[PDB]
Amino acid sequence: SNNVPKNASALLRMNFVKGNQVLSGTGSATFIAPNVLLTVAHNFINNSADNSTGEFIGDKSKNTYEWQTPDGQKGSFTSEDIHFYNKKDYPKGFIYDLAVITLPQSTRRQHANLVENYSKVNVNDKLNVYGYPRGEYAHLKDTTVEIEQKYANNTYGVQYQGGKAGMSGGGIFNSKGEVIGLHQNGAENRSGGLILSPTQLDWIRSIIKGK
């Protein structure tokens, strides 16, 4: 499992369509089943005009998205394949910036494991975070947790140095190489991510066990 985190780390390409015009962006995701990706909701949605709900970037019926792994393999998906943890309350905080993508059953990729049991991450813990800042592969090796934020019971944001734009959606890994969280912010307003709660882990597994 030495190379399992790296080889599960996918680049995301997003093509947001509006009318007959398209704008593109990039992000990151992690394979946690042969045909299931973990990522952030904000690769796909943003705040509604009044911040009351999450809302698709571009036209959801026209958008196209793509994943690519380090070995060069790639595949496509659409909005029909995206499962948001909570699109309605997405604007309320990073606790809801969470999404799972179910790819076709013909996708049979090697993947990392979602952690079986929740383990609280503490300040001064060292994490391993993978992603594609500016679309380029990057591994934040043993980056230290400096600040924690309790979003809800057993639901913590953590801050660690290293993230830049494009890395959001990349995986946070424990020392065994299991997925425990995901990177969410690499902008100038503090790099960090979300450590998945027992509830969020169960929800992801419910999506996996549909596949």
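A residue's number is simply how far along the shown sequence it sits, counting from 1.
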Per the PDB record, is the mean Cα temperature factor higher over 45 to 53 or over 155 to 163? 45 to 53
Selection by C-alpha B-factor (highest) of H111, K120, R134, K74: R134
Return the residue from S106, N86, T78, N128 that has the highest Cα B-factor in the entry. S106
Taking the chain's C-alpha temperature factors as the reference, tell me which third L11 falls into: lowest, middle or highest. middle
By its CA B factor, does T199 count among the lowest, middle or highest third of the modelled residues in the chain? middle
Here the Cα B-factor of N63, set against its chain, lands in the third termed highest
Within-chain third of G192 by Cα B-factor, per the entry: highest
CA B-factor placement of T144, once the chain's modelled residues are sorted into thirds: middle
